[PDB]
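Notes follow the structure.
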Number of protein chains: 2
Amino acid sequence: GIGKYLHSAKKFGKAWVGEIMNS
Amino acid sequence: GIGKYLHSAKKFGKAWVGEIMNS
């Protein structure tokens, strides 16, 4: 268990927001 | 190009943070 929120979420966590949070 | 930050990140954005942001 736990193998995306720490290696796939965090990454986008800082990029996805700049995407949605910005657009 | 685009497809995981606005179709997968947000999801974890709320779960991954409650994961790492929680501890």
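Read-outs throughout are calculated quantities, based only on the coordinates presented, and are distinct from any laboratory measurement.
Centre-to-centre, using Cα atoms only, chain B and the range A:3-17 are separated by 5 Å.
Karplus-based coupling profile of the range A:10-20, in residue order and whole Hz: 2, 3, 5, x, 8, 9, 3, 4, x, 8, 6, with θ = phi - 60° in 6.51 cos²θ - 1.76 cosθ + 1.60 and x standing for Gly or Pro.
Were the residues from A:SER23 through A:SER8 laid out at 0.36 nm apart, the gain over their Cα-Cα distance would be 3.3 nm.
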